[PDB]
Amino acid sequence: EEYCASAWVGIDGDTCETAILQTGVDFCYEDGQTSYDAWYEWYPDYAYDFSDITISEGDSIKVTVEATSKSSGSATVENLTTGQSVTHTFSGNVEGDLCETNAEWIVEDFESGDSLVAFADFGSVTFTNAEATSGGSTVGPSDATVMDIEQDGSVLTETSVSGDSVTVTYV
């Protein structure tokens, strides 16, 4: 059986239903082996992989999404450990308009097959230098709404936030 999880930053998707500009990394485990990949997505379009960047356990990754308008922007994944940086620019021609009402740092159990992918035990994921820009000013996650995963009567995560970080721990 294969277990996975993803970590990403994004704009919209919670109270704004028409689009999500997001970028992140998937981590999967299957019979003594692991698989990692970086991807971008402007929902409702499909997620696409960044094929020119290598992701390994322990690497420091910096992810950023920027909106230049409600229908244009970019997604960037930088592997600080190796010095690699990739950016996908959405010049327009997108399938959904952003509302620009949600900014988030998320660890997700994504859909795959008939339901959600079996959820991997990732230990803990901490987003540092967690910042969102609104009206030209930067804000941290202090006043953010905290969310956790609960499936089949089982709480699978515990999340804690600080003035500049978000930590998600597997339960």
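The first residue of the shown sequence is 1; numbering continues from there.
On average the C-alpha atoms of 160 to 168 have higher B-factors than those of the other stretch, with 160 to 168 and 4 to 12 being the two compared.
The mean Cα B-factor in the deposited entry runs higher for 90 to 98 than for the other of 90 to 98 and 67 to 75. The PDB entry assigns its highest CA temperature factor, among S134, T128, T34, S60, to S134. When the modelled residues of the chain are ordered by C-alpha B-factor, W39 sits in the lowest third. Residue-level temperature factors show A118 in the middle third of its chain, judged at the C-alpha atom.
The entry lists a Cα temperature factor for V146 that places it in the middle third of the chain's modelled residues. In this PDB entry, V107 carries a Cα temperature factor that places it within the lowest third of its chain's modelled residues.
Annotation for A47: C-alpha temperature factor in the middle third relative to the rest of the modelled chain, per the entry.
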